[PDB]
**Student:** 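Please see the structure below; I have some questions.
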Amino acid sequence: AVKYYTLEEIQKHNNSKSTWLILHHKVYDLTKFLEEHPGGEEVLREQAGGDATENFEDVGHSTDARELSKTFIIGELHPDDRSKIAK
Ligand code: HEM
Ligand SMILES: [Ca+2]
Ligand SMILES: [Ca+2]
């Protein structure tokens, strides 16, 4: 039962009212979480509305962090956009 969002739509969620990003083709709503994120707000704000896979993977987030991330998944990138965005 995967819920899809287009890249066009995701790009709209780029601000303090609603911040989404993409990690490995999934869509995360970090609007609230970014106020708590141990890595700070601005790394996430810079990524809002787009893919942040590379950045996320480079840090070496802990297994508890990676598990926490799953709680913010709201859907996945629409199939029509999956050539634009690397998994
Ligand atoms: C939903 C996704 C995310 C969650 C739940 C999350 C969670 C956390 C947590 C709990 C830590 C503390 C260390 C650890 O446990 O690994 C952390 C640190 C960090 N995160 Fe994230 N993170 C997320 C996304 C990101 C993204 C997308 C970026 C980059 C654009 C990022 C950059 C950082 C950095 C730079 C730090 C290390 C801060 C330091 O101690 O210097 N995080 N994150
Ligand atoms: Ca805070
Ligand atoms: Ca703030």
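Atoms within a ligand are numbered from 1 in the order they appear, just like the ligands themselves. Count residues from 1 along the sequence.
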**Student:** Is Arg45 salt-bridged to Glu42, going by a charged N under 4.0 Å from an acidic O?
**Tutor:**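 The answer is no: the pair does not qualify as a salt bridge.
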**Student:** When you compare the side chain of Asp51 with that of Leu23, does any pair of heavy atoms fall below 4.5 Å?
**Tutor:** no
**Student:** Do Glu57 and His24 meet the criterion of a side-chain donor-acceptor pair at a distance under 3.5 Å?
**Tutor:**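 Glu57 vs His24: donor-acceptor pair found between side chains.
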**Student:** Atom 11 (C) of ligand 1: protein heavy atom closer than 4.0 Å?
**Tutor:**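 Within 4.0 Å: yes, protein heavy atom nearby.
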**Student:** Tell me which N, O or S atom of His61 sits nearest to atom 21 (Fe) of ligand 1.
**Tutor:** NE2
**Student:** Report the name of the N/O/S atom of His37 located nearest to atom 21 (Fe) of ligand 1.
**Tutor:**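 Checking each N, O and S atom of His37, the shortest distance to atom 21 (Fe) of ligand 1 belongs to NE2.
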**Student:** Quick one: does atom 41 (O) of ligand 1 have a protein heavy atom under 4.0 Å from it?
**Tutor:** no
**Student:** At what distance is the nearest protein heavy atom to atom 29 (C) of ligand 1, and which residue and atom is it?
**Tutor:**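 Looking at atom 29 (C) of ligand 1, the protein heavy atom closest to it is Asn55 CB, 3.8 Å.
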**Student:** Does some side-chain heavy atom of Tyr28 sit less than 4.5 Å from a side-chain heavy atom of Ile22?
**Tutor:** no
**Student:** Decide yes or no for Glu76 and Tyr5: does some side-chain heavy atom of the first lie under 4.5 Å from some side-chain heavy atom of the second?
**Tutor:** no
**Student:** Whether the side chain of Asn15 engages the backbone of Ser18 through a donor-acceptor N/O pair (distance < 3.5 Å, no angle test) should be reported.
**Tutor:**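 Yes; judged by distance alone, with no hydrogens or angles, the pair exists.
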**Student:** Heavy atoms only: which of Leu30, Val43, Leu44, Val59 is nearest to atom 26 (C) of ligand 1?
**Tutor:** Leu44
**Student:** Can you pull out the closest protein heavy atom to atom 24 (C) of ligand 1? Residue, atom name and distance to 0.1 Å, please.
**Tutor:** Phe56 CD1, 3.5 Å
**Student:** Starting from atom 4 (C) of ligand 1, locate the nearest protein heavy atom and write down its residue, its atom name and how far away it is, to 0.1 Å.
**Tutor:** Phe33 CE2, 3.4 Å
**Student:** Give the residue, atom name and distance (to 0.1 Å) of the protein heavy atom nearest atom 36 (C) of ligand 1.
**Tutor:**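 Nearest protein contact, heavy atoms only, for atom 36 (C) of ligand 1 is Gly39 CA, 3.5 Å.
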**Student:** Please determine if the Ca ion (ligand 2) has an N/O/S atom from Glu35 lying under 3.0 Å away.
**Tutor:** yes
**Student:** Please state whether the rings of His13 and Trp20 are parallel, tilted or perpendicular, taking 30° and 60° as the class boundaries.
**Tutor:** parallel
**Student:** So that I can tick it off, tell me whether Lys32 and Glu35 are bridged by a salt bridge, with the cut-off set at under 4.0 angstrom between side-chain N and carboxylate O.
**Tutor:**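 A salt bridge is absent here (no side-chain N lies under 4.0 Å from a carboxylate O).
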**Student:** Considering non-hydrogen atoms of the protein only, which is the closest contact for atom 2 (C) of ligand 1, and what is the distance?
**Tutor:**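 I find the closest protein heavy atom is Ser69 CB, 3.6 Å.
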**Student:** For atom 16 (O) of ligand 1, find the nearest protein heavy atom and state the residue, atom name and distance (0.1 Å precision).
**Tutor:**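 In this structure, atom 16 (O) of ligand 1 has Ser62 N, 2.8 Å as its nearest protein heavy atom.
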**Student:** Relative to the heavy atoms of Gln47, which atoms of ligand 1 are at a distance of less than 4.0 Å?
**Tutor:** 30 (C)
**Student:** Taking the side chain as C-beta and beyond, is there a heavy-atom pair between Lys3 and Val27 under 4.5 Å?
**Tutor:** no
